[PDB]
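Q: Below is one structure. I have some questions about it.
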Amino acid sequence: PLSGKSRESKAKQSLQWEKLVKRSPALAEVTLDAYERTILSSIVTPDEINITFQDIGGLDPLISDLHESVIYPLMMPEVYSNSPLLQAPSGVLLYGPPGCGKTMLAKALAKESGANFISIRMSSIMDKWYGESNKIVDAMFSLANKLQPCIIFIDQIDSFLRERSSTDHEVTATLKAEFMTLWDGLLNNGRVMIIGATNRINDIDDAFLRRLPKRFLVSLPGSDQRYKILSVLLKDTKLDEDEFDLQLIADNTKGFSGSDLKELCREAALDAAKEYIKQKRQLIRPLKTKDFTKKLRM
Amino acid sequence: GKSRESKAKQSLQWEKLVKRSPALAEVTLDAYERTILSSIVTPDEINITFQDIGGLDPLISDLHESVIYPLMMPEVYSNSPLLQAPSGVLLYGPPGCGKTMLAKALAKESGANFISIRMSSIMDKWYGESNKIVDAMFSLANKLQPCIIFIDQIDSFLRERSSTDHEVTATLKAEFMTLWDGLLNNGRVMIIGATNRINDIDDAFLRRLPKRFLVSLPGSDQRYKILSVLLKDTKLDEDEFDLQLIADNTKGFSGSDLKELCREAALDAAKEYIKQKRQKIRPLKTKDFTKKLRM
Amino acid sequence: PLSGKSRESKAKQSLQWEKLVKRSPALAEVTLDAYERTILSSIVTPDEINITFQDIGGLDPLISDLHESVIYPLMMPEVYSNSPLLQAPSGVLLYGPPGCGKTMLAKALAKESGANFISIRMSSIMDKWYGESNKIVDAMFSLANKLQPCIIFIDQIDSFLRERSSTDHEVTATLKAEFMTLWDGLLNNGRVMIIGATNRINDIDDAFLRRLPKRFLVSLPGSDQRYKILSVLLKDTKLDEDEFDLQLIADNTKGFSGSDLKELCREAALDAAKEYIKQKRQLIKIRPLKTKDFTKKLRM
Amino acid sequence: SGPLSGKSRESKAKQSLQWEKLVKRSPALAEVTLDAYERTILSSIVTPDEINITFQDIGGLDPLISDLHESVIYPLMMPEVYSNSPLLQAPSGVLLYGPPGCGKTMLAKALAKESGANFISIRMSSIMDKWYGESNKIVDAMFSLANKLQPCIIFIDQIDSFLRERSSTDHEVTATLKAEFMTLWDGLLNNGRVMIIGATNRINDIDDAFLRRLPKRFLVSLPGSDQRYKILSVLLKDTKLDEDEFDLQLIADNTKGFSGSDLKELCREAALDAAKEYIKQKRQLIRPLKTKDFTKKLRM
Amino acid sequence: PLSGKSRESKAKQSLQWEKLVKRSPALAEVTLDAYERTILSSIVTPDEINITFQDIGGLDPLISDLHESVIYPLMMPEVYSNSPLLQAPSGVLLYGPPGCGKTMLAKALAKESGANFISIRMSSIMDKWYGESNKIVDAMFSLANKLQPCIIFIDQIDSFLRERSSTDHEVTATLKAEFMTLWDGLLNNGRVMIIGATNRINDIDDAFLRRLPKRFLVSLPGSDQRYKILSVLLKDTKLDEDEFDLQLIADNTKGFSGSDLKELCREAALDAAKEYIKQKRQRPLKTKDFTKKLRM
Amino acid sequence: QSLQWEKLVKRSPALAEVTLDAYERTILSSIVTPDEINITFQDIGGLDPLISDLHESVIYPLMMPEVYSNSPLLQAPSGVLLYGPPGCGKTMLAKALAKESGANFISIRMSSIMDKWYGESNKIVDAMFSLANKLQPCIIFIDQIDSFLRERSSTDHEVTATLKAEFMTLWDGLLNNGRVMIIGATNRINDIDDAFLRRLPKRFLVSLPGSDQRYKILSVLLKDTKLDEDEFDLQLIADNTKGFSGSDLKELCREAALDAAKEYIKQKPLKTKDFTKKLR
Ligand SMILES: Nc1ncnc2c1ncn2[C@@H]1O[C@H](COP(=O)(O)OP(=O)(O)OP(=O)(O)O)[C@@H](O)[C@H]1O
Ligand SMILES: Nc1ncnc2c1ncn2[C@@H]1O[C@H](COP(=O)(O)OP(=O)(O)OP(=O)(O)O)[C@@H](O)[C@H]1O
Ligand SMILES: Nc1ncnc2c1ncn2[C@@H]1O[C@H](COP(=O)(O)OP(=O)(O)OP(=O)(O)O)[C@@H](O)[C@H]1O
Ligand SMILES: Nc1ncnc2c1ncn2[C@@H]1O[C@H](COP(=O)(O)OP(=O)(O)OP(=O)(O)O)[C@@H](O)[C@H]1O
Ligand SMILES: Nc1ncnc2c1ncn2[C@@H]1O[C@H](COP(=O)(O)OP(=O)(O)OP(=O)(O)O)[C@@H](O)[C@H]1O
Ligand SMILES: Nc1ncnc2c1ncn2[C@@H]1O[C@H](COP(=O)(O)OP(=O)(O)OP(=O)(O)O)[C@@H](O)[C@H]1O
Ligand SMILES: [Mg+2]
Ligand SMILES: [Mg+2]
Ligand SMILES: [Mg+2]
Ligand SMILES: [Mg+2]
Ligand SMILES: [Mg+2]
Ligand SMILES: [Mg+2]
């Protein structure tokens with residue numbers, strides 16, 4: 001493989017490998033080919049992720065559905081083994097408008113599911129040489145089969161799994177065909193899940209969409225959903241006991257996404273802490289509803 | 001790839017071919033045929049038979065009478081060239097209708113050897129490596145006389161006429177298609193193709209797949225059969241279950257869509273039993289299925 | 001190829017890395033791969049930029065809002081460490097009509113801030129080789145993580161972060177996806193902030209606009225803003241004490257952007273020194289700028 | 001490095017020939033090295049020997065030529081004369097606009113000959129490339145090379161197509177090309193004495209952000225009665241005219257709406273029909289031009 | 001590029017190149033790029049054209065003006081090298097109503113003149129890849145400069161030189177801009193002449209129209225002009241000695257173009273040879289044969 | 001190797017030497033070969049003078065160049081236009097022309113020419129004309145040329161304007177075609193451009209059928225059908241039909257037989273009364 005092979009990269013690959021055999025002692029005496037070692041640099045261990053499922057608000061019906069049909073069937077196959085129809089999905093699509101916690105769910109998936117996480121990107125798959133892109137995808141599925149409870153995550157999956165056409169490069173179409181064959185094809189994988197997140201679900205190819213049968217629509221938050229998101233965002237922050245009305249802010253932030261509320265919480269936090277920060281810089285305060293409505297527009 | 005696990009796999013795959021047919025003991029393979037041997041699929045790996053594919057009995061019988069039986073006993077199919085096994089069989093249709101399931105059943109429930117290459121095992125950085133791999137692939141097909149060279153996703157496998165295509169795949173275009181023309185002599189080896197976009201396959205390259213097997217979206221009666229095989233090994237109830245209603249309700253559903261519908265309905269039906277065991281499976285009514293569909 | 005091994009480029013990369021280690025001694029002993037070394041040619045040190053925050057007029061509320069909400073939370077995290085919502089923005093967009101001072105703010109951000117500045121141009125990112133652009137962006141985010149207080153500035157960001165469509169090329173569709181994943185994905189970045197300037201905010205994709213939560217509108221100058229911009233532009237320039245009236249010019253420059261006032265000052269100063277230039281050109285005292293030369297280049 | 005463009009034997013010979021002329025004109029460029037992309041821009045270098053047209057060959061436009069000299073040429077090529085004030089700098093871009101045929105290309109050819117600046121008459125064929133990201137690198141090298149040859153002029157004839165108004169329906173590479181051109185033109189890490197002179201007959205098609213990058217605008221409008229006579233006299237220079245019958249003033253009167261190119265064709269027809277008797281004698285084996293020769297083509 | 005890389009094209013490109021060497025031996029030492037080689041497929045040698053200037057009727061004043069103002073200044077610079085204004089035009093527009101012989105004049109220009117004729121079409125210019133059409137146009141002008149006595153002919157030029165708009169395609173807009181820059185720009189073309197035939201002159205851009213200063217109006221034939229067109233078309237035909245009245249047919253064809261008269265002769269020839277056609281499957285012309293198909 | 005090309009080589013052995021490119025191969029898919037259609041010149045009713053004129057002015061000058069080599073003005077026309085009210089059988093004429101005339105029919109529509117990329121439509125048209133030049137006796141039929149050869153203006157799209165100009169250039173330009181002939185079957189002759197109407201100088205007016213023409217059409221369409229001797233009168237049906245196209249009589253003859261059939265199906269016949277029961 002004429003990719004990676006850097007001093008930082010090879011140190012990263014060994015560092016993740018010593019982590020993986022530490023989480024699972026059965027991963028010892030498992031030989032990985034050279035292409036599979038380059039995939040190991042994309043392994044995300046739970047200590048890297050600082051996001052807990054409790055840090056995602058307003059998605060508890062979706063989180064419970066994520067645990068009931070995706071996490072527990074994969075990570076606990078001993079209790080779903082009474083019938084062959086209680087298996088994990090071949091793929092999961094965390095689609096929806098931008099702002100809603102699709103990557104929050106994937107980060108919590110990387111931390112609390114317990115499965116090995118491969119947060120692979122296009123830079124680790126695309127290679128300038130002829131057959132290296134295909135052998136990377138072959139190794140990515142092969143390594144995920146060796147680490148049997150694995151989740152392969154491709155953020156912004158609408159670009160990797162875009163609709164096939166005559167515009168497609170010779171490598172990309174062959175790359176997509178190789179991904180299709182290993183995903184749901186001959187010589188089926190073990191407990192390997194391809195979890196994806198995207199803003200444009202319709203940009204994904206129909207043959208790739210059929211390989212993501214469990215689709216989670218993380219839509220824009222409602223009035224109650226925004227209140228739960230604002231509560232988790234404003235946790236570990238001193239709010240006013242009487243001069244704070246979180247319900248009013250939730251109703252006024254109609255159409256606000258999760259990231260929009262975070263910036264609103266951020267902008268209101270520096271607005272509230274303007275006096276304290278200026279005093280500290282020259283050398284806090286309970287957050288009120290007037291601070292949020294100052295940056296708001298009703 | 002002569003890389004430890006690859007070497008172990010090729011030796012193990014060759015060992016499996018020995019017990020499958022002891023006539024191959026005297027046959028010797030070189031290095032490039034050995035690197036193709038890692039793609040050999042044996043029926044022990046596949047767990048999908050022809051009885052696992054519902055809603056496809058006319059196509060399965062047509063598959064047997066055109067590609068399977070003419071290969072296994074060509075003596076009785078040599079009366080006419082039409083009854084002989086074609087050198088190219090294409091399984092095409094909308095995705096999720098069982099093209100791969102037919103390939104899984106072809107690998108398992110057939111006495112022929114089953115080469116299952118991917119495009120990763122063929123393309124290589126070094127010049128001439130891809131041509132020698134393809135040449136050894138057809139040579140290995142001649143050595144294993146009842147062989148099937150299965151190519152999933154034919155659309156990207158050397159089936160494209162574009163100026164952006166490289167010269168390495170341009171000579172791979174000719175090398176594969178010249179050896180394909182030589183496959184019509186013996187007739188005991190075919191190339192089986194699976195695809196969901198027949199428009200991407202080149203018309204000048206499609207003629208070398210004369211046998212076409214259209215696996216369309218399931219009909220009302222076909223979805224009834226597919227729902228039946230998907231729900232086997234799962235215990236049901238006999239009074240409050242009407243699987244006929246689900247078959248008509250799932251309009252436009254593919255086989256993969258029904259498998260997800262069956263899987264999701266089974267999880268919701270077993271939710272109470274899973275909750276007990278996490279910290280007997282409840283009967284599967286038609287209410288769980290009809291909750292998932294739009295009607 | 002990596003399109004970074006040019007003789008001038010390699011000397012530029014070594015020179016920029018020497019300045020980065022000189023500014024931040026902790027940047028030594030770190031390891032830079034081949035792709036990350038090419039991004040070093042896009043590093044902008046404060047000695048390159050000659051433009052200060054004091055050289056931007058009319059945007060004092062915006063400059064103050066830039067300091068308290070963007071610069072100070074990023075470069076002084078210990079002041080902002082008491083609350084977890086006091087962090088620097090993951091993205092900053094300086095949008096508005098052209099010629100109003102978005103690059104002026106970006107120049108002062110490069111100079112008057114301790115953050116390492118990566119003013120990456122798009123010729124460095126896109127490459128003819130397959131998958132080279134994705135690794136370059138991955139290296140650009142990787143390098144910005146090594147230089148922990150960092151600013152990745154992309155001028156005219158509406159072309160990079162354009163609204164995604166099926167007509168987009170595969171290399172850019174993966175390039176935008178790679179940029180999106182590293183901007184806000186699983187591997188959360190450190191003090192990396194991506195700052196953008198554009199005239200077409202609506203051309204930016206919705207998923208990319210959400211990655212630029214802090215947005216500064218550098219709109220067309222008002223009557224008071226035009227006077228402040230004219231005063232800054234006419235600094236180090238002799239103006240007449242009685243005949244010159246900056247208030248009349250500022251009110252008469254309705255709809256004038258900051259760049260339009262610079263050209264108006266450029267024409268007015270050229271005609272003011274035309275007699276002096278003709279005397280100097282024949283051989284090879286600047287006349288003070290009055291209101292008449294500014295108004296004769298202007299429309300009432 | 002190195003695009004498919006500027007790789008032929010003819011092109012490589014042109015780049016080498018253009019570089020020797022540049023080194024001969026400016027001896028300081030001998031030590032200057034260039035990247036493979038900057039070499040391809042060298043084929044677009046226009047030396048004064050390639051242009052046979054001077055400012056004295058442009059009839060009319062004398063206030064425009066003087067304004068071109070005092071505000072564009074002299075502040076650029078004589079920075080020491082204009083170094084007294086910082087506002088006496090040369091403009092970042094020049095736009096010669098107006099109806100076609102009035103002499104915008106005449107001014108650029110005269111600018112290419114007797115301004116003293118290195119001239120890069122780039123075209124869209126030299127900029128656009130079929131490979132991904134090469135057009136951005138070509139534009140980047142175009143600004144890079146123009147910075148090496150410090151008093152440079154990058155001339156883009158018909159600039160309304162290169163700098164067209166940006167839209168969501170614009171091409172992926174073209175919108176990327178315009179953003180890259182915008183960043184290098186007026187962005188951080190500003191250029192030196194690089195000038196971007198543009199000539200077009202559709203000013204309103206130019207983008208607003210590109211039009212603000214062309215602050216010095218010259219309107220080469222349709223010639224007036226006195227301007228038509230000055231163009232007519234220059235066109236009829238080195239041509240025999242009748243001492244009594246010819247009346248140049250009268251012909252200029254009944255050429256209302258005639259551009260400079262229309263007068264050239266009128267002169268071409270009048271000179272050809274006056275010499276037809278001489279042409280017949282020469283072909284088988286010129287009287288002075290009169291007023292009736294011009295009026296037989298003119299409409300009264 | 002890739003358009004001029006197919007074996008049929010390269011065979012034509014090679015064949016067209018040698019025909020220039022026999023016609024002009026000085027072109028043997030001139031080398032060409034890949035883009036320049038593609039344009040060579042549009043080179044029209046005089047052997048391809050079977051129409052001379054003698055085959056054009058009713059346009060003798062225009063042909064004489066065509067020779068005096070277009071052909072001779074371009075092909076005899078030494079004859080005209082006494083005044084700077086005695087030069088070939090930068091462009092020639094053969095505009096008028098259809099059928100009057102604008103393309104026939106270009107055919108005679110291709111045959112009865114030694115100028116290399118690049119009869120480029122819009123399909124040879126436009127390419128699906130980015131910037132290839134601009135490089136093709138650059139090669140088209142550069143090859144014509146390497147073939148110094150040259151004529152670049154674009155038939156139906158109103159589409160190529162259409163009025164520029166903000167709604168124009170980006171590649172088309174840059175194609176027109178690249179064409180205008182090379183047609184009249186900093187780099188002066190050497191004896192390169194662009195001739196165009198069109199019906200919608202007003203659809204041509206004003207900046208493109210100034211690059212076609214010499215304009216020939218090939219209008220509908222008059223009563224006198226219809227006589228020569230009829231006579232030239234009816235050549236190599238027995239006609240009649242006393243039963244033929246060409247003046248009567250010419251006067252009865254008001255509003256008839258050359259194409260209309262050509263098919264009028266074609267229908268009359270079929271009716272006159274109607275008896276001989278039946279005999280051959282198993283005659284002198286008459287005025288009644290022409291008046292039968294005519295509508296008076 | 002394509003199915004159309006082997007049949008073309010089998011009919012004309014000289015086509016084996018001729019090499020084709022990709023766009024010509026794309027044009028090859030629209031080649032109309034006489035075996036897959038069954039429309040016959042003798043199945044055309046009421047147009048026998050038009051049949052004779054079409055034959056003698058189109059087929060024999062184009063298919064028999066040895067016969068017409070005596071005079072330079074006996075050549076085939078550049079184009080042929082079949083225009084008139086709809087339903088009179090212009091498509092019938094084109095299909096029968098494809099059958100009996102052995103010229104390699106190229107029946108393209110306004111769908112194969114259009115491509116989503118820049119320049120591929122003009123290249124497709126150029127390859128269509130080049131393939132027509134290669135298959136020297138040929139007819140390029142374009143149904144509904146009012147869509148293709150619409151009158152030019154300043155408001156047309158750039159792709160369509162370039163397509164029309166490039167088609168005009170190949171139709172009659174410097175490079176003269178061989179025995180290449182183009183047929184358009186339109187309903188509106190005024191919608192065609194003046195220059196495009198010029199390139200179709202052989203106009204054939206397929207007008208509304210007259211009484212004699214209506215009688216011939218009714219006689220032809222009633223083939224393989226049982227008609228009464230004295231109870232059935234085709235002259236009365238022909239006279240009663242006023243302003244009726246050939247397709248209307250196809251609808252009439254099918255339905256009039258059906259009305260006689262349904263009373264015959266009820267038993268398990270066709271008279272002038274049965275024809276005029278629905279005919280008003
Ligand atoms: N439901 C939520 N609850 C709490 N915080 C949230 C929620 N949704 C978003 N956020 C906050 O906003 C940020 C936005 O990132 P997020 O994971 O939502 O991206 P996304 O919308 O999935 O991304 P993409 O733009 O690729 O679609 C999160 O990191 C988190 O801080
Ligand atoms: N006819 C069928 N009978 C039973 N199950 C089926 C059938 N078709 C599909 N399925 C179910 O759906 C799954 C997906 O089918 P499969 O992979 O064979 O589809 P495909 O048509 O080959 O897809 P693709 O074109 O996307 O590669 C199967 O593994 C099986 O569970
Ligand atoms: N507020 C201002 N104060 C002083 N000078 C200004 C101001 N705004 C603009 N200028 C002048 O105009 C130029 C700044 O243009 P700049 O590149 O920042 O524009 P922009 O608004 O970012 O637009 P664009 O995106 O088109 O580049 C400088 O030369 C500067 O002298
Ligand atoms: N002012 C002028 N004085 C003298 N000659 C002129 C003048 N304007 C035009 N001409 C003559 O007409 C020709 C056409 O002028 P030129 O090419 O400069 O036009 P332009 O205004 O740049 O138009 P376009 O927009 O078509 O490029 C010149 O080459 C020159 O011979
Ligand atoms: N002056 C003429 N003498 C003889 N025949 C003529 C003359 N003008 C036209 N014709 C006949 O009519 C035809 C006109 O075709 P031509 O291509 O020359 O027309 P055009 O005027 O250029 O129009 P278009 O724009 O429609 O192509 C000629 O091919 C020829 O048969
Ligand atoms: N003259 C005719 N003789 C016999 N049958 C005819 C005649 N005209 C029409 N028909 C019948 O009616 C059908 C419709 O006619 P056809 O489509 O050929 O007419 P058209 O004028 O070309 O139509 P359109 O303008 O609508 O395309 C024919 O297929 C045929 O069955
Ligand atoms: Mg995300
Ligand atoms: Mg499959
Ligand atoms: Mg700017
Ligand atoms: Mg010009
Ligand atoms: Mg013509
Ligand atoms: Mg029809």
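Letters A, B, ... mark the chains of the structure tokens in the order given; residue numbers begin at 1 per chain; ligand numbers begin at 1, in order shown.
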Given a cut-off of 9 Å, what residues near ligand 2 show up using only C-alpha atoms and all ligand atoms, put as a PyMOL selection string?
A: (chain A and resi 180-181+183-186+188+206-211) or (chain B and resi 48+51-56+91-104+152-153+194-197+215-218+222-223+225-230+254-260)
Q: Applying 10 Å and only C-alpha atoms, which residues near residue 249 of chain D remain after dropping the ones on its own chain fewer than 6 positions away? List them as a PyMOL selection string.
A: chain D and resi 225-226+228-230+232-233+291
Q: May I ask you to write as a ChimeraX atom specification all residues lying at most 9 Å from ligand 4, with only C-alpha atoms and all ligand atoms counted?
A: /D:53,57-61,96-109,157-158,199-202,220-223,227-228,230-235,259-265 /E:180-181,183-186,188,206-211
Q: As a ChimeraX atom specification, please: every protein or nucleic acid residue near ligand 6 (cut-off 6 Å, counting only C-alpha atoms and all ligand atoms).
A: /F:44-46,86-92,187,217,246-247,250
Q: Tell me as an MDAnalysis selection string which residues belonging to chain B come within 9 Å of chain F, counting only C-alpha atoms.
A: chainID B and resid 161 203:204 207
Q: If the limit is 6 Å from any atom of ligand 7, counting only C-alpha atoms and all ligand atoms, which residues qualify? Return them as JSON, numbers by chain.
A: {"A": [103, 155], "C": [184, 185]}
Q: Using backbone DSSP assignments, extract all alpha helix (DSSP H) residues from segment 66-278 of chain F; output them as a PyMOL selection string.
A: chain F and resi 90-100+120-134+145-148+158-171+194-198+211-221+234-240+246-267+272-278
Q: Counting only C-alpha atoms and all ligand atoms, name the residues that have an atom within 6 Å of an atom of ligand 1; the answer should be given as a compact mmCIF listing (two decimals) with C-alpha atoms, in the first residue's frame.
A:
# COMPACT_ATOMS: atom_id res chain seq x y z
CA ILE A 56 -28.06 14.52 23.26
CA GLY A 57 -31.39 16.06 24.16
CA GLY A 58 -34.68 15.96 22.30
CA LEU A 59 -33.96 12.58 20.67
CA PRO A 98 -28.12 19.77 9.19
CA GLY A 99 -27.96 20.91 12.79
CA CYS A 100 -29.81 17.99 14.33
CA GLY A 101 -27.62 15.61 16.28
CA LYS A 102 -26.88 12.96 13.65
CA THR A 103 -23.15 13.18 14.36
CA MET A 104 -24.02 13.50 18.05
CA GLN A 156 -21.58 12.72 4.82
CA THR A 198 -26.10 12.63 5.54
CA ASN A 199 -28.04 15.79 4.78
CA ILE A 229 -31.92 20.49 23.58
CA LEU A 233 -26.82 22.68 26.19
CA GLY A 258 -29.53 21.88 17.30
CA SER A 259 -26.42 23.75 16.18
CA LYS A 262 -25.81 25.94 20.57
CA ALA C 207 -24.70 22.21 6.04
Q: Ligand 3: which residues are within 7 Å, counting only C-alpha atoms and all ligand atoms, as a VMD selection string?
A: (chain C and resid 55 to 59 96 to 104 156 197 to 199 229 232 to 233 257 to 259 262) or (chain D and resid 182 to 183 186 to 187 209 to 210 212)
Q: Return the single residue from A:291, A:170, A:65, A:29 that is closest to chain B, with distances computed using only C-alpha atoms.
A: A:170
Q: Env of residue 117 of chain D: 9 Å cut, atoms = only C-alpha atoms, seq-sep filter 5 positions within chain, self excluded. Answer as a ChimeraX atom specification.
A: /D:73,76-77,111-112,149-153
Q: For the selection just defined, write its residues with C-alpha atoms to a file, as a PDB file, in the first residue's frame.
A:
ATOM      1  CA  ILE D  73       1.112  53.897 -16.455  1.00  0.00           C
ATOM      2  CA  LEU D  76       2.909  51.888 -11.847  1.00  0.00           C
ATOM      3  CA  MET D  77       6.193  52.223 -13.755  1.00  0.00           C
ATOM      4  CA  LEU D 111       0.121  49.563 -23.344  1.00  0.00           C
ATOM      5  CA  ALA D 112       1.857  46.345 -24.397  1.00  0.00           C
ATOM      6  CA  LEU D 149       8.229  40.363 -13.006  1.00  0.00           C
ATOM      7  CA  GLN D 150       7.243  43.056 -10.536  1.00  0.00           C
ATOM      8  CA  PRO D 151       5.910  45.820 -12.853  1.00  0.00           C
ATOM      9  CA  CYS D 152       3.548  43.482 -14.702  1.00  0.00           C
ATOM     10  CA  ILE D 153       0.229  43.924 -16.483  1.00  0.00           C
TER      11      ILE D 153
END
Q: Per DSSP on the backbone, filter segment 183-275 of chain D down to the residues in strand (DSSP E) and report them as JSON, numbers by chain.
A: {"D": [194, 195, 196, 197, 198, 199, 200, 216, 217, 218, 219]}
